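Quick note: to get our numbering, add 6 to the position in the first sequence (first position is 1). No residue lacks a Cβ here, since even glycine has one placed at the ideal position from N, Cα and C.
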Amino acid sequence: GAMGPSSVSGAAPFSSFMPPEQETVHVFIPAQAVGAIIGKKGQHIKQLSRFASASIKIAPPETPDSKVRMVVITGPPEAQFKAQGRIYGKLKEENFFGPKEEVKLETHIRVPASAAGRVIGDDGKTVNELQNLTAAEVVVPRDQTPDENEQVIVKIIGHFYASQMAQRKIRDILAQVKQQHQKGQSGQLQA
RNA sequence: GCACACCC
């Protein structure tokens, strides 16, 4: 080594084994609403984390050009139901999406870069039928974010019921897509 | 009166 005058450092406070196998997605709410979504000193938003039993966080602008702040929901689908159900209700609170309109709030879910291409389907038919099952608007971009992050986003537009069902289904195929690592069809499939 | 927090 080399003894540098007061040039000694380290600081390694990264302990504990917290299993991050909870579903974590980014809920798209523009800066015009995100503020009041947190609510009063940010107390009841953390209270929400308690009664939902999930990790409710507000993501700082992932891009400096964002007019929106995404809610980082880390929780089981049981909790996500309340969390996102009430988050869409916060849209209703100020009626940003539309006064008479039913809730139309975008949710952004992070999928592996190639997995977004495969949610379209191995034949390309799957993305169309996904919309038919999810009851939501699933738009899969060819760009979104460079594969430098090996991960992109699909945008879900519609009602929270639809969004919640869409999110979990696309997030669900991700695991099955990654199963390609096995590489070896030691069995059949009806496809 | 509406926002800020979310970990050590």
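Burial state of residue i, where buried means 16 or more other Cβ atoms lie within 10 Å
i       : result
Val-145 : exposed
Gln-170 : buried
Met-76  : buried
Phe-166 : buried
Residue i beta carbon near the ligand ADP (any heavy atom closer than 7 Å)
i      : result
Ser-12 : Looking for the ligand ADP in the displayed structure turns up nothing, as the structure carries no ligands at all.
Proximity below 8 Å, CB of residue i to CB of residue j
i       : j       : result
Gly-164 : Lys-110 : yes
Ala-119 : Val-158 : yes
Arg-174 : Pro-82  : no
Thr-151 : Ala-172 : no
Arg-92  : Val-183 : no
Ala-39  : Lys-96  : yes
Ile-43  : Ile-62  : no
Nearest-angstrom beta carbon gap, residue j and residue i [assumed within contact, 8 Å]
i       : j       : result
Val-160 : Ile-176 : 6 Å
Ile-162 : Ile-115 : 7 Å
message: With three or more beta-carbon pairs closer than 8 Å as the criterion, would you say the segment 42 to 54 touches the segment 14 to 22?
response: The segment 42 to 54, when compared against the segment 14 to 22, does not touch it at the 8 Å Cβ threshold.
field: Touch test, the segment 111 to 121 against the segment 22 to 35, Cβ-Cβ under 8 Å, three pairs minimum
entry: Counting Cβ pairs under 8 Å, three or more are found: they touch.
query: Is it true that the segment 76 to 87 meets the segment 139 to 155, where meeting means three or more beta-carbon pairs spaced less than 8 Å apart?
result: Short answer: they don't touch.
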